[PDB]
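Protein chains in written order, with full-length UniProt numbering: chain H, 3 to 39, 55 to 155, 161 to 354, 359 to 418; chain V, 9 to 30, 35 to 151; chain D, 2 to 175; chain B, 80 to 94, 154 to 296, 310 to 379; chain R, 1 to 284; chain S, 2 to 288, 297 to 309, 319 to 372; chain Z, 2 to 168.
To start, the structure itself, in C-alpha cells.
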Amino acid sequence: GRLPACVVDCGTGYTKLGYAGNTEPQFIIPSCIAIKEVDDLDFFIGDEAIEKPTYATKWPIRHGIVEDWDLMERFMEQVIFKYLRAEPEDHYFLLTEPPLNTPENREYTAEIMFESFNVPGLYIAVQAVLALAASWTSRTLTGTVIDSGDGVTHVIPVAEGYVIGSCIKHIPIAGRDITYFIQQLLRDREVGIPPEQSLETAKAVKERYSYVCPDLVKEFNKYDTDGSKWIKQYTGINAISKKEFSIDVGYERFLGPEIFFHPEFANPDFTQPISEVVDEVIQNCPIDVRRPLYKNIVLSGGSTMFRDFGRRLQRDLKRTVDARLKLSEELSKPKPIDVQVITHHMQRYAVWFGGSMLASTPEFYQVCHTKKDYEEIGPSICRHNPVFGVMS
Amino acid sequence: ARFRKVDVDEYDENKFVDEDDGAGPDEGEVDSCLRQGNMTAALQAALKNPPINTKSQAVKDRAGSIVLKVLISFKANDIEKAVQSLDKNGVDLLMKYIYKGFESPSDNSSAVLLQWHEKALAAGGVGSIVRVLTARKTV
Amino acid sequence: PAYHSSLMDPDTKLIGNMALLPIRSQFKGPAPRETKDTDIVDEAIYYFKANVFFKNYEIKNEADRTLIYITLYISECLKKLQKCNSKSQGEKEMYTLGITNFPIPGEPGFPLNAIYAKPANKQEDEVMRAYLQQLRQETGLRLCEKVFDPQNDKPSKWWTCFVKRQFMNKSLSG
Amino acid sequence: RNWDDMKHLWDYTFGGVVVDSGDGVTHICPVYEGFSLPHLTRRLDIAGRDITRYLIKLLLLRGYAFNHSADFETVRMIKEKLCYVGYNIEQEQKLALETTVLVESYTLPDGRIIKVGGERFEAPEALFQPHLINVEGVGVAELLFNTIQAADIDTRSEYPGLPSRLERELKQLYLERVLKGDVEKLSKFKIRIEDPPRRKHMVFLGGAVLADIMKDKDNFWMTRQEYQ
Amino acid sequence: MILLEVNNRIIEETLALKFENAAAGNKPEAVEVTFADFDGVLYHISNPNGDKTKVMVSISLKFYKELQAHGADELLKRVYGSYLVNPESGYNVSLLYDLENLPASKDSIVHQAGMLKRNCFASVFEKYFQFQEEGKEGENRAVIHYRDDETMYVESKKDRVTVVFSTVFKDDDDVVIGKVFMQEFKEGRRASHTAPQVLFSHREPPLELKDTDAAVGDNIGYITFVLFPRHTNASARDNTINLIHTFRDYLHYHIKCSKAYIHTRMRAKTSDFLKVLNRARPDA
Amino acid sequence: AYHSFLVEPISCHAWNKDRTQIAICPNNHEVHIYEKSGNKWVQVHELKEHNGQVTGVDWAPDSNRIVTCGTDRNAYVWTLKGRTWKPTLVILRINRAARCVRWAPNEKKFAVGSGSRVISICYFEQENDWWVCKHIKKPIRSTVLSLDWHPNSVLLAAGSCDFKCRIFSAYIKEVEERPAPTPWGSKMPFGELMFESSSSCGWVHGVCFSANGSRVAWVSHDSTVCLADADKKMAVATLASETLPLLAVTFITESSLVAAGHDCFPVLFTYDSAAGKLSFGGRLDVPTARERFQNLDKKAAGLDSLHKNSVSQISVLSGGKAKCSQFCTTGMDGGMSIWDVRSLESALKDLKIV
Amino acid sequence: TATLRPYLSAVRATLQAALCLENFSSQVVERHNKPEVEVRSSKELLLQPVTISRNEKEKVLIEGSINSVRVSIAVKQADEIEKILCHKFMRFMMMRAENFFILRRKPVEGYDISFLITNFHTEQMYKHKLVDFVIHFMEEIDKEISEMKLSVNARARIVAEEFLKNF
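In C-alpha cells form, the structure reads like this:
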C-alpha cells in the first residue's frame, strides 16, 4: 500500500531496526533477553534486558551469523509490537543474513513469521551487498568491502552482487580487541581507574576520542611538544562511590587505533596488516574480477568509524601492490593497478540504511515473495532471494 | 511433453508379473453348526477352500469375508483355546483373514478384531504377521 | 613495519657484529665528531615509541644493531630510574647504571645471541668494549632531560610507565 | 606451444555405433563397423561445461551461496560425484519432493558442508531437456533416432545413470512416431558400457606390419601415407 | 507485556534527543524520521522549510473525513492547546514543540503527544458518554473504518455504551484460534462484577446491528461490547479510554502470540526427538 | 564366543582352507585381507578395483584364488603375485548387476549370481588365454540370489526372486566332459531344470547343498524353510518357524543343517527322511579349570542375541560340508560369529546333528 | 484406558515383518538404488498392502518389499483445533524431513503422516529402539496434541483477566 516497509539488520551484539526511507535506522539496541528460571509473555529486550537482575541475559546472535531460532522468535515479537508498531500482515519486511547462510538456515527465517503472522512477503538480504549503502552518494555493485564489527574482522568482498564462499578470510581484530589494548596501556599510566568501571572506559575511550595516524613515529614528538593541544582528560563517573574522576587521555588515542594496520602490535594475536590481507584476498580472486575489486573500498559497521582511517589504507594497500607489480616489469610490463578508499557517510550503522531506500521501491515488490506463493510450495521457496538494483 | 507420455516399461517381455491364477465357506454350511454350544471348534470350519483358486472381489467380498463374522459375535475369555487347536498350516491362514477385517474398519464392520491377533501370537509366532507380507495370492 | 637506521656509510668499520657509528657526546667518545644534527643517540630518541610494541624487526644495517643496544639500554633507566625522587637524583645512577660492565656480545649473562656474536678474539673485543661504554654514560645524561620535564619529581607522568613493556621481550637487565 | 611437449613419450618420461563425450562439445558416432563415415556428422552444443553450469545455477536456487569461475572446478568434481540420471522423470521427480532419502552431503574444500537435493537426476538431464540451457538441440533420443534412419536403412538391428536409461530410448521413438503398434516386442536392442578407453589396437600384430614402418614411410617421397 | 502499548514510545526517545540540547549548552540540530503505527495511523516529525531550531510532528489517517466532525475536528487541541497549530497538506493534526519555546520540566507533554489517536477517539466517546452518563435517549451510533474492511460500531442506548465487533482474519484457521479467546473472554468474568461484558457472534452480527450494512461472511466475525455507568462516567472517562480501542491490536497480537509459543512446543517435542533418533546407531 | 569388527555391515565374504586370511567388504568398493598371529589380526593387502558397492566374493580352497564381483558388473581375480595380490579386468556380459559368487570343488569355474534375469557362469579358457563366460539363460527374470555348489563340482542350484529355487547342471565341454549323474537329473545338457519348488509364494535368500547330493535346503524371506530329498523320492517337505526369517544355512553333516540370520542368532536343524517332512530342534546360543570357567550371569549394545545385527553369510571351515567343527557367520554390524561347533555340542540341553 | 493400548499392542509388533533388509541394486534399471515400494518398478517386489486400524479415526497403513518400507498413519484428529493443528504439526515435521531420513516431506494418500524405512536406516542404526520410535511417537504426540487444547484454553484466559481488572 501507500505505506512504507520495515527493514531489520541485526548482528552479533547490537540490533538495528526501523522502517523505509529514513536517515537513520530508527533504533539500535542490544539483543539480550530473559524469562524466569504463561511464560513467553514475560520477557524484556534492549535497553532493558541489560539491567533486569531477576531475568538472565543470553545473546542469540553468537559466533557471528544468526544462531538459536526459538529464542529469536520471541525477540522478533517485541521488535514488531511495542516498538516499530505495525500490523505485520500489512508490511513487507527484511531480515539480513550473514554470508555462508546455508539453505537450512535460510528456511528458519522464511518460516516462523510466514507461519505465524503470515506477513505478505520478505527478502533476506546479504550484508556486504547492503554494505554498499550510501557509498553510492560519493555507480557499481562490484568492490571490496570491509564490514568488520566487534567480534572479528570481515573481508567480505563483492561478486556481481552475491556471496563468494571462498574468497573470504577473517582476522582476529575487533573493536573490543583494540579496547583491550587502549585500556591495557592505560593501566600502566595514570592510576585511578576502578577495575569495575574499566570496561566502561574502554568502550567509551574508543568512541569519544580515538583516531588513526598517518605515520607512527611521526606526530610522536608533536604530541610531546604540543601536548597541551590534544591531550585531554576523560570525565568518567565512579560506581559504588559515584565520584567523578578525570584522567589525562593521551597517546592511547592514536597509539591504539593503530592496532589495525599492525594487529600484531598490541598483542601478537595476529600476523598481518589488514590492508595486506585484503591484497591476499583480491589477488586470490579470479582476474576477471580482481580489477573492479580495487576501485571500490567500503567500511561500514561498528568498528570502522575513525578519523583519518579511510585515507590511510589506500596508500598502505597501494604501496605493497605497486611493489609487487614492480617485480613484473622486470620482464621488459603490465598495467599498474589502482586502489581507492570510500568513506561515504552512514558508515556508522550502514546496511540498514542502504537496503531501506532500495526496498522502499517497487522493485523490492517484484523479487519479494508473495504470501499466496508461500502457502503453495511452502517456505523453501525463499532459499534464494534474487538480487535487484542495477538495470532493474 | 509428447512421447514421454507413453509407458512401454509395462510391456517389456522381460518385465515380470505373477501368474494370475483363477469356492469358500458356505454362508450357512457351518453357521448353523455354530449357533449351538460350539464357541471352541466348529468356527474353525471357516477354512474349506481358501480364496486362492479364483479372483474377483465378489468371492473375496463374500465367501472370503464370511469368516469376518464368527469371531465378531464372540466374547474373550475363551479365545486362546481355539488357537492352540491349530497347526502351522491352519494358524497363519487366520491371520491373513484377520487383516481383511483390519482393512475395512467400516466402523461396525470391524469393531475390535485385536484379541484373536494378540493371542494369535504365542502359537503362530512373530512370523505369522510377517508371513502375511510374503503372499502373492492373499485373501 | 618498525623503523631502522638511516645512516650507514662504508666509513663505519664493521666492528664485530655491528657498525661503529659515532654520536654527539661530551664524554669519552671513541668515535669521531658527528657533523649531523641527528646522531645515533638522537635516532633512538626519535624512535623506540613503537619499538617495544613492534614484534618483528628486520636487521637491515649494523647501525640498526647499535641503535638496538641503545634502545635496550634505555630500559635500565627505569629499574633504577623510574623510582627516583627528582632528576637531580637519577643522574648519579647513570654512572653506576652505565659504567657497570654490561654483558657485551659473547657473555654468560647476555641475551640476543642471534645476529650477535662477540669477536672470537681478544683484540676486536676488549677494544669493542670501549665503544660499548660511552652509551652507558652519554646516552643517559643526554636522555634524562628529553625524557623528563623542566619540572622536578615528575619523570614525565607518561614515559616513566613504559617500564612494563620491553623490546622483543628480551630482558637486558636480568 | 604444443611441440614443447610431444617428447615426453620416449626418453623424457618413458623408454558400429557406441558413444563418447565430456566438456568440449558432444559428438555422435557414425562408423560403418570399422571406419567412421562423415556421411553422418551431428553435434550438440551442450557439454560438461554446460552441465556444470546448469548445475551451478540450480545449486544457487537450492539455498547455497555460490559464485562460479573460482569454484567451477569444485562444482565440476561435484558433477562426476553422484550426478546420476533418472529413468522415468515423473516418478523420479516425485520421489525427490515427496521423500528426502535422496539427500547427500559433500565435504567441500572450505569446511562448510552443504546438503544436496535431487538435482543429481535433474541437472545432468541437459540432454533430454535442451531447453534448460536455452539451446535448441534435440536430446539424446530425438538425436539417436534421427541418426540411424538416414541411409543405412538396411540391417539396423545390428555418468552412472544412463546405461539403463539408454534401453528405454529403444521405444520413446519407434512406437509413437513410427510403429504405433503393440507387437514390437521383437527388434531386440541392447546397451553395454565397458568404460575402458580408446587405448586399443595399439600393440596389435595386425598393426605391427600394417602400420607403415620407417623404410617406406617417406622413401617414395614424404607422402607415403596421405590416404586412409 | 499483556495489555498493549498506547503511549506511543516511538516518539518519546526521539523527541527527547531534541529537547536535551538546552540542558547543558548544546546547539539544536535538525532531524528526519517518517515512521508509522497500527490501525493505519503513522506520525512523522519534520522541520518547517529548513528550520533546525523548530520541530513539528503530524499524522496521516485514511478515514479522516468520516471521523472528522465526530468531535475529532472540534476538541483535539483541547489537549495540546496552543502547542497545536495549523495542519499539513497530505496529513492532518499538527503538533508543534519548540526547542526554543521550552516550558521547563513538564514531561506531561510527551505522553500527551505520543498517543495522538487516543485524544482524537476520545471525542467520539465523550459525545456518546453524555447520552448515557448524562441522559437523553433516542440518539445515533458512530461509524469506524480503521481499515477499508474491518469496522467498530457504537451504541448510544439509555445507560450503557457497547462497541460492535466485525473485524476479519485471513488464514482460515487463524479465525479458528479467536474462538478459544472469545470463549475465555466473556464467559469468565473473574476480575469484578464491574468488568464490562463482551457478547459474541460469528458469521452473524447480534440483532443490535443485523438490519444495517456490515461486511458479512463465513470467515467474517462480529463481537459485542459493554460499558457500565461506572465505566462511562467522567471520573473514568480516561481510565476506560486509556486502554479501549487497543482491543483491535490487542486481539491480533495475542491471537498471534500464542502461535509463537505453540511453535516452541513443536521444538521441545522435537529437540528431544532428534536425540532419540541419534540414540539408535551403534554409537552416538 | 563373540567378536565384532566395525559399525558398517559386511556384505559377502569367503574363507580360506588355511584359517589365516579372509577377504571382506565394508559397504565399500574394495575387499580387505587380514592375517593371523597370536589372535592379532591386521589389514593385509587391501584389494581395491570396484567402482560402486561390492557383493560377490568366493575363495577357491586348494588353489588359493579369490574371485570378487559387485553390482556395477565387476569381475577381476586377485591371485598372489610375488606377495601383493593383483586385479584383473573381466566383464560378465550384463547391463544390470551381479550379486553373489561361489567357485566349485573343482576350482576351474566360478559362478556369480545376479538379478538382471540371469546367473552367468564364466570359466577360464587356457586354449583361448583370456577368460570367458557362459549363460544359463531362461527360465529367469528376477533378482538372482547367491548360489552354492554341490559336492560334485558340476551340478548346482540357487534361489531368486522367482520365489521357488531352481537347479541346473553346469557342464563345460571345452574343459570337462559328462560329469557322472545324480538322482536330480541323469541328463546334463548344461543348464536344465532338474528340480523346482512348491513354495509358490515364498522368495529365496539362501541355499545350501548336503555334502552328498540328497539334501537340499533353501530359505525365502517369509520366515519359511524348505527341504527336498533327491534320494527320498525327490520329496518336498516344509515347516515354518515362529521367529523371524533366517538368512543363511549350511549342511554341518551329510544330513545335518544349521543357520541363523536377521534374528542375529544360530539355530540348529536335523532331519528324519523316513517322515518326508521337515524337522526342527536347534536354537544355539549363550545368553584343568578352563574346561569349566568363563560363564557367570553378572549378579543382579544390549541384545539377548550373540550378534547385534542381522546375519548374511555363514561359511564353515574344518569339514565345511562333510563333518563341520568350526564355522563362521558375518552379520551387518560388529556381529561376526566365533565358535567351535563342538564348543556347543559339549553344552546345551538337547542336541542332535546328523 | 479401556483401549488406547491394545491397538498400540498389535502395532508394537506388526512392523517386525519387513524391517530387516540390505542395500538393493536396481533390476529394471541399473546402479540407481531406490525404494521399490515407492516405485513398484518390480511388480514382484511387494508384500501386499496392509492396514491395522484401531477403529477408523486412528488408521495406520504398512507396506514394504526390501530396501523400501512404507508406514502411514492417520493422526487422531479429535476436534476442530486438532484438525487444524495436525497438518500444521506434520508440516514442521515435513519441512525438516531432510534431517530425518525417515519422514516423507508429504504424507502418502489421504493419510496425515507417512514414514519410510530403507536399507540405509537398518544399517547405521539397529532396529529395536529404532522401531520403538513409533510407540514413543504415537503416544508422545497424543499428549502434545491433547495438551494443546489446555495450553490454548488456559493460556487465553490470562489475556482476558489481565484486561478486566484494569477497567
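Cβ coordinates follow ideal geometry from the N, Cα and C atoms, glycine included.
Beta-carbon proximity of residue i to residue j, cut-off 8 Å
i: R118/S; j: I141/S; result: yes
i: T72/S; j: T89/S; result: no
i: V168/R; j: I220/R; result: yes
i: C134/S; j: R94/S; result: yes
i: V51/Z; j: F116/Z; result: no
i: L233/B; j: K89/Z; result: no
i: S187/S; j: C227/S; result: no
i: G262/S; j: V329/S; result: yes
i: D171/R; j: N135/H; result: yes
i: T154/H; j: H371/H; result: yes
i: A229/S; j: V217/S; result: yes
i: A231/S; j: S242/S; result: no
i: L59/V; j: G102/V; result: yes
i: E31/Z; j: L48/Z; result: no
Three-state secondary structure (DSSP) of residue i
i: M139/Z; result: helix
i: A236/S; result: strand
i: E377/B; result: coil
i: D213/R; result: coil
i: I35/H; result: strand
i: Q69/V; result: helix
i: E114/H; result: strand
i: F328/H; result: coil
i: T67/D; result: helix
For residue j and residue i, believed in contact at Cβ under 8 Å, the rounded distance
i: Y192/B; j: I271/B; result: 6 Å
i: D40/D; j: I24/D; result: 4 Å
i: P27/S; j: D351/S; result: Between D351/S and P27/S the Cβ distance is about 11 Å, and since that is not below 8 Å, they are no contact.
Buried or exposed by the 16-neighbour rule on C-beta atoms within 10 Å, applied to residue i
i: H87/B; result: exposed
i: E94/H; result: buried
i: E44/D; result: buried
Partners in chain V for residue i, counting only beta-carbon separations shorter than 9 Å
i: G65/Z; result: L145
Per-residue contacts from residue i into chain H (C-beta, under 7 Å)
i: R158/Z; result: What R158/Z touches in chain H: nothing, since even the nearest Cβ is about 10 Å away.
Neighbour list for residue i in chain B, Cβ cutoff strictly below 9 Å
i: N24/H; result: Ordered by position in chain B, no residue passes the 9 Å Cβ test against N24/H, which lies about 29 Å from the chain.
Interface residues of chain Z facing residue i [CB-CB closer than 8 Å]
i: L235/B; result: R106 and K107
Where residue i meets chain R, residues with beta-carbon distance less than 8 Å
i: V8/S; result: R281, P282 and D283
Neighbouring residues, chain V, relative to residue i (Cβ below 8 Å)
i: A241/S; result: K100, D104, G137, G139 and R143
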